[PDB]
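What follows is a single structure, written as structure tokens, with notes after it.
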Amino acid sequence: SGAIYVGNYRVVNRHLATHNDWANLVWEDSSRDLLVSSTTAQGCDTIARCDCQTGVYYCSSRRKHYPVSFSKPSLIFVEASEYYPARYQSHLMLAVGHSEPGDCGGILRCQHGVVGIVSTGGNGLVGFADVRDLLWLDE
Ligand SMILES: COCc1ccccc1NC(=O)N1CCC[C@H](C(N)=O)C1
Ligand SMILES: [Zn+2]
């Protein structure tokens, strides 16, 4: 679990979105595993606008933050799950690191701000859904 709160928006993993999120839907994309809903309270996260490939992520299954090197956002094959069939997920960045189910939603940050959220894992790898291209999150 976890979310990004920026302006009047809440960014969450689409497969973990609630009834309130879908009732206040702004935008969703199954191919990215992202959903943005509207909030009544003002969010104060800064979204990074950069091509950083190093940062720090929060891993809930370890109650710890880890530094990582991560790949550029790309189309990566993701195995079938209870939420989606086997498919290419777009805008996904991989890193070598721990991640298990329950870790989705943990934030990945660089010195510029929030880069993305944990979305995939397994095999000693962790995948993050990028949010840096969503320029409208501020305006
Ligand atoms: C982050 O931990 C997830 C995980 C860790 C370790 C092993 C498997 C997973 N399961 C995982 O990748 N999926 C979870 C459900 C939806 C995800 C998606 N974006 O399509 C795919
Ligand atoms: Zn950066």
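Chain A is numbered as in Swiss-Prot; the shown residues are, in order, 869-1007.
Placed from the backbone N, Cα and C atoms, the Cβ positions cover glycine too.
Residues or ranges marked as active site, for protease 2A activity by Swiss-Prot: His883 (among others). Taking the Cβ of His883 (active site, for protease 2A activity) as reference, residues of its chain lying under 8 Å away and at least six apart in sequence are, in sequence order, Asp901, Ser949, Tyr951, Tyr952, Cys972.
Taking all protein chains in view, 25 other C-beta atoms sit within 10 angstroms of the C-beta of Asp901 (active site, for protease 2A activity). According to Swiss-Prot, the feature active site, for protease 2A activity maps to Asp901 (among others).
Taking all protein chains in view, 22 other C-beta atoms sit within 10 angstroms of the C-beta of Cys972 (active site, for protease 2A activity). Sequence annotations record features per position, and here Swiss-Prot assigns active site, for protease 2A activity to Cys972 (among others) based on similarity to another entry.
Long-range C-beta contacts of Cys978 (Zn(2+) 1 binding site), restricted to its own chain and to partners at least six residues apart, with a cutoff below 8 Å, comprise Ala916, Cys918, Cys920, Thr922, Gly923, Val924. Mapped onto three states, the DSSP output places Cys978 (Zn(2+) 1 binding site) in strand. Among the features that Swiss-Prot reports, Zn(2+) 1 binding site is placed at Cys918, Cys920, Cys978, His980.
Among the recorded positions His883, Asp901, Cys920, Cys972, the ones whose Cβ sits under 6 Å from an atom of ligand 2 are, in sequence order, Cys920. Under a cutoff of 8 A between CB atoms, and with a sequence separation of 6+ in the same chain, the neighbours of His980 (Zn(2+) 1 binding site) are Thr914, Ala916, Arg917, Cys918, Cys920.
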